[PDB]
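# This one's a deposited entry, sequence included:
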Amino acid sequence: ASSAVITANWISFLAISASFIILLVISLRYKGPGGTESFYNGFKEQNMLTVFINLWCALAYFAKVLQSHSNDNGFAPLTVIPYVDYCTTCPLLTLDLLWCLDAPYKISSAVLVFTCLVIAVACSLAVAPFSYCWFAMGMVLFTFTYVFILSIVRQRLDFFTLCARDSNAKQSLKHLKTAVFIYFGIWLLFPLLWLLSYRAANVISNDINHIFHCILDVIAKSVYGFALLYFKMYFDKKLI
Ligand SMILES: *C/C=C(C)/C=C/C=C(C)/C=C/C1=C(C)CCCC1(C)C
């Protein structure tokens, strides 16, 4: 691979590894809002989802780093077949988002995201013009999923803001809004990147697409999980 590609892969792998190790340490040391439960997150494993996500992401990038230094394909599921790592991660991200917000249809939303990602995987491994049909079907399903998840997220954000008066509550709400903006705005770029890649309109080269994918992953995973975590710890739920 090119110097830029290997450098971006190494930077992304190191960033996600550091983020995973910090999130795991914080989760293990977290003692709950009361500061008395030794294993608060042990009996609430959903709070660990973020951590696992990062770990999986890190592993994926590790494989990429190996593929960056060898002429032969590395771990095919995480390097060869596109969007499989996303198939594994993004549904967990949606589940975590709708769990911290106590939103309805969290499992339904996660399954919809998984189905959209599997449709995308089929589209990326298809041959034109059938690839266009797969992309159109995925686009309709993702439009429906995006509208549904936004409607739930907006209604939970309004509910949370209605009963958030403490300064710490306001700070946690700002972090939650930052995480929501990262989740919604950034996710819209992935379809734009696919439609702008060598597939369909070939304008952006492979290297720039890969670097943009790495940056979007790093942001929308590391910063997203950190914000979610700031919000979960520093937002009193009993204010409902
Ligand atoms: C950490 C990585 C994440 C959250 C990746 C998310 C990716 C998507 C939401 C991708 C969506 C796509 C479509 C809606 C259309 C087909 C092409 C995709 C896979 C880019």
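Now that the structure is in, tell me what you want to look at. Numbers count the residues shown, from 1 in each chain.

# quick one, longest helix in the chain?
With DSSP state H applied, the helix covering the greatest number of residues in the chain is identified as helix 130-162.

# Secondary structure class of the residue lying farthest from the centre of the chain, three-state.
The C-alpha centroid of the chain is most remote from residue 36, which lies 31.0 Å away (CA atoms, centre = their mean). Classification of residue 36 into helix, strand or coil gives coil, according to DSSP: H, G, I helix; E, B strand; the rest coil.

# Would you quantify the distance from it to residue 30?
When CB to CB, to the nearest Å is applied, the distance between residue 36 and residue 30 equals 12 Å. To be clear about C-beta, it is placed using only N, CA and C from the backbone, and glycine gets the same treatment.

# cool, and residue 195?
Residue 195 sits 41 Å away from residue 30, taking CB to CB as the criterion.

# So between those two, which is more surrounded?
Remark: of residue 195 and residue 30, residue 30 carries more neighbours, 17 against 12, as counted by other CB atoms under 10 Å.

# Check the contact between the more buried one and residue 233; I expect there is one.
Yes. Counting by CB atoms under 8 Å, residue 30 sits close enough to residue 233 to count as a contact (6.8 Å).

# residues in the protein within reach of the ligand, list them.
Selection of the chain residues close to the ligand by CB under 6 Å from any ligand atom yields 83, 86, 89-90, 93, 116, 120, 123, 138-139, 142, 187, 190-191, 194, 217, 220-221.

# What is the neighbour count of residue 114?
18.

# wouldn't it be in contact with residue 86 here?
No. Counting by CB under 8 Å, residue 86 is not a contact partner of residue 114; they are 9.8 Å apart.

# before we move on, back to that, buried residues of the helix or strand following the longest helix of the chain, list them for me.
Following the chain from helix 130-162 toward its C-terminal end, the next helix or strand by DSSP states H and E is helix 167-181. Of the residues in helix 167-181, those scored as buried under the neighbour-count criterion (16 or more other CB atoms under 10 Å) are 169, 172-173, 175-176, 178-180.
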